[PDB]
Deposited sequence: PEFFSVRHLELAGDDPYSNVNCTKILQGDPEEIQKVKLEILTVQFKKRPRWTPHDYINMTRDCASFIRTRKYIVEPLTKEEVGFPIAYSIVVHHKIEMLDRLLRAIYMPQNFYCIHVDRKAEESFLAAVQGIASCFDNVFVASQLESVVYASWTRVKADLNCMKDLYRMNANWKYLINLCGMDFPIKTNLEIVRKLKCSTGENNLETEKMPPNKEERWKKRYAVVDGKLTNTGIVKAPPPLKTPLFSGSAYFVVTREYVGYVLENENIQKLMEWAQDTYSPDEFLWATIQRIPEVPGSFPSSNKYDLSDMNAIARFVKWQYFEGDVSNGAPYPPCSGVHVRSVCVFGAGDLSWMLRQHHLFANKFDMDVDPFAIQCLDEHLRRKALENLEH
């Protein structure tokens, strides 16, 4: 009964009216037995919408571990025939979850499950390796995709696939990720060797050697928008390898490795290491994210308005109230959303992108 168009306009009425039977992996394993029906019923798009999009193939590395129904909506939201989608399922997900992903992945020849799966531990190298596994497959399996966008189960796009290609063009062969001067408060992350003690990455207290790099370490996000040339480079380059193994025992390497690579002289699509080229999460186009401690009055020093949903680890899990402002940002994808916190943020967004993409 909810009127989406109104939520998309900030209308306080709907926002308030907004602010149960749920599918399960088994329900998916069953819906996918017949691909043609799943696709038709779930209204997936299997026919390029424009030649412009067919001429600009994108690759995606989606790291997941549960919430099968979110993965379904996410994929459909960003699905196109010319693209390439490598799904990474955590080696620890529910066997039925895994089988459910395979069922969805096996209905499209451009969708598949990474040939190597890692058991992902929070803030550890494995998180990066998850994405690396996906890069290895996508890089070798095709040489025509322009950029690689890595996602996660709780991301959702706020742009159609057309708008994404156009912005990727505006990038003119350059990458686009958050990459800034190392905050002193995040240095402890890589100045000490870490290890998994009790399923938790802990500080061993051993001081690490300096990074085998002439370039300084930069700070960023785990999400990115890099060119195929970048991927091949971190995959092949003899030095990127020295750095990567050095980062293996650091805390949250995913939030400093990509951003540091982006500023290494020889890297395709990179930026000079002069802080004149630094990119903050708001300047970059990778992902729009609201951190608890920055929300406030945008008319007084705040990057963005306060969160209408809830917060998990200081990260705003969007609610129907956030949509209006969010949609006016330049980012490709927003994080995070949760069917268990507000399925309406996702529904309204979902339909909007589909309609806007069909007009």
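No C-alpha positions are given for the deposited-sequence stretches 1-18, 38-47, 388-391.
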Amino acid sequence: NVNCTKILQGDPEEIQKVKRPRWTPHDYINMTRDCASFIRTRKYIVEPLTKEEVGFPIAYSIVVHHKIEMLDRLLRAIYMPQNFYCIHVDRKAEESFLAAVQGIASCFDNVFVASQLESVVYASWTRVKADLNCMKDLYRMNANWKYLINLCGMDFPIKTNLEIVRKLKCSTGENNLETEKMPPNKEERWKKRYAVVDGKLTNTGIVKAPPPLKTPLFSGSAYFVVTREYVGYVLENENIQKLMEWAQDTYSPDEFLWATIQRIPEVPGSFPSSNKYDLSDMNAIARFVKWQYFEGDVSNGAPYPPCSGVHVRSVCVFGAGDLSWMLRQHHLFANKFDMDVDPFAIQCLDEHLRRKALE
From here on, numbers count along this sequence of modelled residues.
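39-47 and 327-335 differ in mean CA B-factor, and the higher of the two is recorded for 39-47.
Higher mean CA temperature factor, per the PDB entry, when comparing 193-201 with 108-116: 193-201. Among the modelled residues of its chain, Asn239 has a C-alpha B-factor that falls in the highest third according to the deposited record. Split the chain's modelled residues into thirds by C-alpha temperature factor. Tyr28 is in the highest one. When all modelled residues of the chain are sorted by CA temperature factor, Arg127 is found within the lowest third.
Annotation for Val310: CA B-factor lies in the middle third of the chain's modelled residues.
For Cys316, the recorded CA B-factor ranks within the lowest third of the chain. Only modelled residues enter the ranking.
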